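Report on one structure; see the data block that follows.
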Amino acid sequence: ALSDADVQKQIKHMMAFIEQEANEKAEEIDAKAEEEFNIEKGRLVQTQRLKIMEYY
Amino acid sequence: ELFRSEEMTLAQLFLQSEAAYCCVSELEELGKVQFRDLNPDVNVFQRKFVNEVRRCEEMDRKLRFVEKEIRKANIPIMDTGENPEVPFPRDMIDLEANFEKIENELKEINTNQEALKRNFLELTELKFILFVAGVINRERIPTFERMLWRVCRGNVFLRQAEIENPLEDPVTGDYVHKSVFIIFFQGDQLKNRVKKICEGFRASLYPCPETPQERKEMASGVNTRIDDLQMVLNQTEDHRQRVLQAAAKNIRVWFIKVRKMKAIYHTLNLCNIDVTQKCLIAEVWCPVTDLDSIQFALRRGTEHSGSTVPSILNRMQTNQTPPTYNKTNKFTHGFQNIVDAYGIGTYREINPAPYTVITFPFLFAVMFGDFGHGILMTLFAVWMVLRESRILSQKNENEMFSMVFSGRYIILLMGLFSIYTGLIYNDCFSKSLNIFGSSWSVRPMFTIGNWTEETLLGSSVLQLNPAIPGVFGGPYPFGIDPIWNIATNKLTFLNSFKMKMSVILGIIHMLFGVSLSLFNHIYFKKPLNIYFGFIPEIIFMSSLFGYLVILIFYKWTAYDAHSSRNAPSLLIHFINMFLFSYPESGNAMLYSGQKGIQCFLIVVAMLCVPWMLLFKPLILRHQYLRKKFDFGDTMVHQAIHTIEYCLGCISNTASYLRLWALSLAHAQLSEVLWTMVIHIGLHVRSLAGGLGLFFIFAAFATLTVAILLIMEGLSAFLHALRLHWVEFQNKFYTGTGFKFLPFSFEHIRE
């Protein structure tokens with residue numbers, strides 16, 4: 001029921017789907033990287049800040 | 001314009017897996033598409049629909065389990081709605097679990113009931129008792145007493161009782177009269193002996209007696225407990241039944257819902273799941289003309305799916321053998337099946353079924369041309385159709401009835417044509433139908449023609465009615481003049497007709513079968529198959545067998561009784577034709593110059609053989625070497641075709657002698673069944689005749705059906721069908737294909 005123009009159009013839409021998933025997944029991954037960044041940073045900061053405070 | 005199979009696209013569809021579940025469900029309801037397995041080397045565990053199928057299978061078996069209880073409970077389970085919508089949300093799995101809970105509850109209730117039943121009966125026995133006045137059928141009591149006398153000499157009297165309207169024995173499972181005769185002993189050795197005997201013998205022994213008022217009070221407590229047990233039992237059973245019927249309603253819907261889900265998952269297993277994306281690619285066969293319908297269904301399916309993936313199905317360069325799809329309906333389906341029984345036609349082959357619808361019943365009617373049986377045969381088909389809704393929407397475990405039912409529309413026609421042919425044959429249970437138009441001869445003029453008081457000698461003779469006396473003649477308007485049905489030489493006048501008719505019909509039908517091959521060879525653009533095939537083949541058959549047909553009609557209109565002496569014999573001229581045998585005398589010729597015509601036609605038939613025999617492979621070799629192909633094998637194959645064609649034409653023409661052979665047999669079986677049975681029902685004694693005719697006819701009716709309506713009808717059915725398969729189809733209906741098996745929700749009644 002679809003012409004070659006329409007088939008190619010749908011192929012483009014499906015590729016758009018793939019690109020969209022690629023972006024969403026990467027964004028999720030970068031967000032988690034930032035979460036892990038802040039979590040580990042906090043852990044480290046508090047641990048050594050407390051050790052410094054204790055020496056003071 | 002001939003009927004052919006539908007176009008197939010061998011097309012592939014890619015869409016997201018979420019969309020895929022919905023789409024498969026919706027395309028499945030469409031029932032117009034058949035999916036192919038893209039992973040033939042992958043088992044169900046590998047397909048990864050196994051968890052879904054396993055769950056479906058468990059649900060199915062458990063549902064069937066409960067269904068058995070439902071059916072025993074006579075629940076209507078009408079299955080008239082909701083189920084057709086087959087929704088397939090993931091939440092159905094929990095619904096499946098809910099089903100399992102219900103049937104499991106039911107299983108526990110019945111188990112409890114049986115234990116309760118035992119307790120009921122056990123307490124009932126005690127109730128009755130209040131050694132012991134127990135429950136015994138007096139099976140071995142006559143011997144129980146003697147066994148006691150055998151152990152000791154009847155040291156203690158026995159207690160006797162009889163139970164009126166005894167209770168249903170629990171071990172028996174049914175109610176039997178109970179009678180008790182049990183002995184009590186004071187001695188321990190002997191009491192133990194009695195215990196052993198009572199255990200061995202069919203007796204009820206476990207009473208816990210007391211003589212105190214307290215025991216009578218206990219017996220009252222027993223009655224109370226019995227009543228409470230029965231009350232609870234009654235409530236348990238009532239709940240059970242209410243639950244069972246209520247479930248039966250939902251279960252009819254569920255059955256089909258579950259079946260559909262299973263089919264969907266199984267279909268999705270027959271696919272190739274991509275590895276890198278949650279999207280599914282599959283190749284499917286589908287009708288070309290229905291592709292738009294498929295895309296609209298896909299649009300609706302994916303629209304229901306939240307991802308609205310385009311779900312585009314794109315045609316591929318179809319290059320594998322497609323399935324053969326013939327659209328059938330309530331009428332034509334049966335005829336297509338008897339064709340398919342022989343084989344599935346080649347893709348874009350000419351479908352013989354549109355011609356079978358008439359051709360086969362017609363040939364049957366020729367074999368079964370009996371008006372009276374045609375009525376019976378027609379009425380049977382009408383009955384089946386009129387009850388179609390009641391027979392179809394039911395269970396029919398007997399495949400013999402189902403088979404004839406499925407062919408009920410085929411039989412209907414056979415009846416209608418059997419009436420037509422029987423009337424032309426002018427035979428209705430061996431009786432002719434005189435419409436007051438029988439003017440074969442004028443007997444008054446017979447006596448004028450030098451036949452004076454012939455009825456004197458007639459007492460010992462027949463005397464054949466002469467042709468061309470100047471006062472006889474004129475055809476019967478429709479069918480065979482009734483006069484022959486009462487002649488002693490029917491068996492020659494009408495026998496000749498049927499022989500010649502069978503030849504005429506067979507040869508003409510064969511020529512039709514050949515003519516169809518031309519259209520097929522044109523469709524596939526095979527010039528060689530018509531320039532070296534069709535043309536010499538149709539000429540060969542025409543020159544030999546069509547010539548014969550012409551001569552048959554010629555004789556009927558060319559020669560009268562005026563030339564009955566030395567009247568040409570068509571069979572002898574036919575043989576002499578082939579052999580170029582032209583004696584100077586002994587046989588008159590049908591027409592002047594026939595010798596030249598007979599010689600010419602045979603020469604042409606022989607000259608037709610080289611064309612079909614070897615000219616095709618020779619030109620293929622020419623074109624091959626000009627372009628430059630197993631020449632040897634091609635020559636052999638083509639030679640085989642010619643050999644079978646020519647020899648088959650000879651044998652096939654004779655084969656249609658089946659039409660005569662069976663038509664003769666039927667008339668003869670009918671005549672003898674009439675003459676040797678119903679004739680006896682007539683008598684010069686009034687009352688004896690009337691009463692006897694009743695019983696004799698009933699026997700006649702019984703034999704008429706048993707011998708002719710069934711058996712010979714079956715023979716005519718098969719032989720007419722065999723002619724269709726062997727002589728007709730083999731002239732054009734060649735090759736094989738695959739049966740079209742689309743994914744669809746067909747199994748609703750099953």
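In the structure tokens, the first chain shown is A, the next is B, and so on; residue numbers restart at 1 for each chain, and ligands run from 1 in the order shown.
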
May I have a table of the residues of chain B lying at most 12 Å from chain A, giving each one's closest pair of atoms and their distance in Å to one decimal, counting only C-alpha atoms, ordered by chain and ascending residue number, as a Markdown table?
```
| residue | atom | partner | partner_atom | distance |
| --- | --- | --- | --- | --- |
| B:13 | CA | A:7 | CA | 11.0 |
| B:14 | CA | A:14 | CA | 9.4 |
| B:15 | CA | A:14 | CA | 8.4 |
| B:16 | CA | A:14 | CA | 9.0 |
| B:276 | CA | A:18 | CA | 10.6 |
| B:277 | CA | A:18 | CA | 8.5 |
| B:278 | CA | A:18 | CA | 10.3 |
| B:279 | CA | A:14 | CA | 10.2 |
| B:288 | CA | A:1 | CA | 9.8 |
| B:289 | CA | A:1 | CA | 9.7 |
| B:290 | CA | A:1 | CA | 9.1 |
| B:291 | CA | A:1 | CA | 6.2 |
| B:292 | CA | A:1 | CA | 4.5 |
| B:293 | CA | A:1 | CA | 8.1 |
| B:294 | CA | A:1 | CA | 8.4 |
| B:295 | CA | A:1 | CA | 6.3 |
| B:296 | CA | A:1 | CA | 8.4 |
| B:297 | CA | A:1 | CA | 11.3 |
| B:298 | CA | A:1 | CA | 11.1 |
| B:299 | CA | A:1 | CA | 11.2 |
| B:307 | CA | A:17 | CA | 9.8 |
| B:308 | CA | A:17 | CA | 10.5 |
| B:309 | CA | A:14 | CA | 7.2 |
| B:310 | CA | A:10 | CA | 5.9 |
| B:311 | CA | A:10 | CA | 8.0 |
| B:312 | CA | A:10 | CA | 6.6 |
| B:313 | CA | A:7 | CA | 8.4 |
| B:314 | CA | A:7 | CA | 7.2 |
| B:315 | CA | A:7 | CA | 10.1 |
```

Next item on the list: With a distance cut-off of 10 Å and only C-alpha atoms, select the neighbouring residues of residue 512 in chain B, excluding the residue or stretch itself and same-chain residues fewer than 5 positions from it, and output the selection as a ChimeraX atom specification.
Entry: /B:506-507,517,538,728,731-732

Check: CA of residue 619 in chain B and CA of residue 524 in chain B are how many Å apart?
Finding: 18.2 Å

Margin query: So that I can check the secondary structure, give me every residue of range 500-672 of chain B assigned alpha helix (DSSP H) by backbone DSSP, as a PyMOL selection string.
Written below: chain B and resi 500-523+527-529+535-541+547-558+570-579+594-610+616-627+631-655+657-672

Notebook entry, point to check: Between B:658, B:431, B:641, B:749, which has the minimum distance to residue 670 in chain B (counting only C-alpha atoms)?
Noted result: B:431
